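Enquirer: Any chance you can model this:
(chains A and B, ligands or ions: 1)
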Amino acid sequence: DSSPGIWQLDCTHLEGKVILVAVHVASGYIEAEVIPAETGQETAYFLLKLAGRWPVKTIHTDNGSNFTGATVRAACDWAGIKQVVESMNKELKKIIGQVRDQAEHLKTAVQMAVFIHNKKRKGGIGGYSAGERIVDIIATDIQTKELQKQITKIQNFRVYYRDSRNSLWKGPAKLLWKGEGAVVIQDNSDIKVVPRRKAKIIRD
Amino acid sequence: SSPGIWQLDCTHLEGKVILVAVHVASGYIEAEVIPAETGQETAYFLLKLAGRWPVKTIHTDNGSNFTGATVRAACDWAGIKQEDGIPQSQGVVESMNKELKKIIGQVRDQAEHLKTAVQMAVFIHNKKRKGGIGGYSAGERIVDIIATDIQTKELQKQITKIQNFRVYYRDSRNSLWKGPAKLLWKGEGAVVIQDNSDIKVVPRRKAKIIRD
Ligand SMILES: C[C@@H](CCC(=O)NCCC[N+](C)(C)CCCS(=O)(=O)[O-])[C@H]1CC[C@@H]2[C@H]3[C@H](O)C[C@@H]4C[C@H](O)CC[C@]4(C)[C@@H]3C[C@H](O)[C@@]21C
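Expert: Residues are numbered from 1 along each chain as shown, chains lettered A, B, ... in the order given. Pasting the structure now:
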């Protein structure tokens, strides 16, 4: 659905062979390989590795049998992988050939071409390289989730509160912050600040 | 550079061998079932490791495999370095080999091959956290470690460079020489220095920057 870890897997052909291609959208970072059988199993293995290395929460597919098949679905279920790559594919070849005369198999040409596109910076004015943007982007996503869990954990404590010794206790609202003699709670759509005395907390 | 150190080791399980790359700093493993234990697969597995991640230094376990010639012939293509051999750093990668094994054995009856179980272990170890709400995982620690660097080095390099220049000053309206402060900025009319917990802006006539 919608999760930062979005990738676009696709099959490209060359050398009477097929290269499974993975591309991290937000990043621009790639990671390809030459898969023997373009079956729904070779693609799936390709995910098991990737998913164990980078955080892959969701992927896209170009209908291909080796994609929509339930052969993949198995892994995607195991790893929790809910289920412009075009522009990159060409770029992949743009480099695979130039190096062709420096390696053995095509596979090596394929990887060397990757290594060249990832480290490949964006000029020189503060521009990073896909290998860097991906790491940055994910590093911040980890930090964002961190604060999220941090907030939901604190929400776990519920509060009842009131006003005068003549008012009524309301709630259970969710605790937001606690300090300086007061409690800050979110009653629903309101962020309220109540005196510690006019409040009662309980672990849910 | 701890953010570029990788230890590579080959282990054998119920049949053949497998390559196991470990990012020392985070614990981030990355094993692959290589057919033979030759420096032909090694140089390759290392070629892919370096394209996806930033590899600077390698720490092999001196087995013919990683000592090959067409192995070190690849590192130069990239930018890998290598260092001397050997209870604190040792098991960092071996206490991983059996850690990978202990895991492979729990998903073996679930995988239809060895690789599938090995990866499943790579995946499991890397996503495995260190608690409930707090402790990080190896897959995370590695992005954090690699990311803080990308956005810290070419800015920490400057500070260090300029602070390697010591300075002596005497605060205006007084003639006792304080120093050595560390230099932060040099202008034609004044200097900015960090003494200890102070950042002082000193005129040029009251400072003496030291050559090296
Ligand atoms: C996610 C939280 C962090 C809250 C936190 O962690 N607070 C202490 C909880 C301690 N405990 C749960 C352990 C108590 C359990 C007691 S029990 O008896 O229930 O066991 C953040 C994000 C939104 C909040 C800030 C507001 O937007 C802005 C506001 C401006 C002020 O000028 C000072 C900061 C203040 C009050 C905010 C406080 C705090 O930064 C909040 C709730």
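Enquirer: Just give me the longest strand of chain A.
Expert: Among the segments of chain A that qualify as a strand by DSSP state E, the longest is strand A:170-179.
Enquirer: Tabulate the CA atom coordinates of that one in PDB.
Expert: Backbone C-alpha positions of strand A:170-179 (Å, rounded to 0.1, in the frame of the first residue of the first chain) are rendered in PDB as follows:
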ATOM      1  CA  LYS A 170     -13.800  12.600  31.900                       C
ATOM      2  CA  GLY A 171     -12.000  10.000  29.900                       C
ATOM      3  CA  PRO A 172     -10.100   7.700  29.400                       C
ATOM      4  CA  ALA A 173      -8.100  10.300  27.500                       C
ATOM      5  CA  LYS A 174      -4.500   9.500  26.200                       C
ATOM      6  CA  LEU A 175      -1.400  10.700  28.100                       C
ATOM      7  CA  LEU A 176       0.900  12.900  26.000                       C
ATOM      8  CA  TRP A 177       3.400  14.400  28.400                       C
ATOM      9  CA  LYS A 178       4.000  14.500  32.100                       C
ATOM     10  CA  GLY A 179       6.100  17.200  33.800                       C
END
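Enquirer: how far is it from where the chain is centred?
Expert: A distance of 31 Å separates the C-alpha centroid of strand A:170-179 from that of its chain, computed with C-alpha atoms, centre = their mean, to the nearest Å.
Enquirer: buried sites along it?
Expert: If you call a residue buried by 16 or more other C-beta atoms under 10 Å in any protein chain shown, then strand A:170-179 has these buried ones: A:170, A:171, A:172, A:173, A:174, A:175, A:176, A:178. All C-beta atoms are positioned from the backbone trio N, CA, C, and that covers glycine.
Enquirer: Stretch A:63-72 too?
Expert: Applying a neighbour-count criterion of 16+ other C-beta under 10 Å, one finds A:66, A:67, A:69, A:71, A:72 buried in stretch A:63-72.
Enquirer: do the same with stretch A:76-87
Expert: Buried residues in stretch A:76-87, defined by neighbour count with 16+ other C-beta under 10 Å: A:76, A:78, A:79, A:81, A:85.
Enquirer: returning to what we had before: okay if I get the buried residues of strand A:170-179 as a markdown table plus distance to residue A:186?
Expert: Converted to a markdown table, the buried residues of strand A:170-179 look like this (distance: C-beta to C-beta, whole Å):
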| residue | distance to residue A:186 |
| --- | --- |
| A:170 | 12 |
| A:171 | 11 |
| A:172 | 11 |
| A:173 | 6 |
| A:174 | 5 |
| A:175 | 8 |
| A:176 | 5 |
| A:178 | 13 |
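Enquirer: ok, which residues in chain A are in contact with the ligand?
Expert: Counting by C-beta under 6 Å from any ligand atom, the positions of chain A adjacent to the ligand are A:150, A:151, A:154, A:157, A:175, A:176, A:177, A:178, A:184, A:201.
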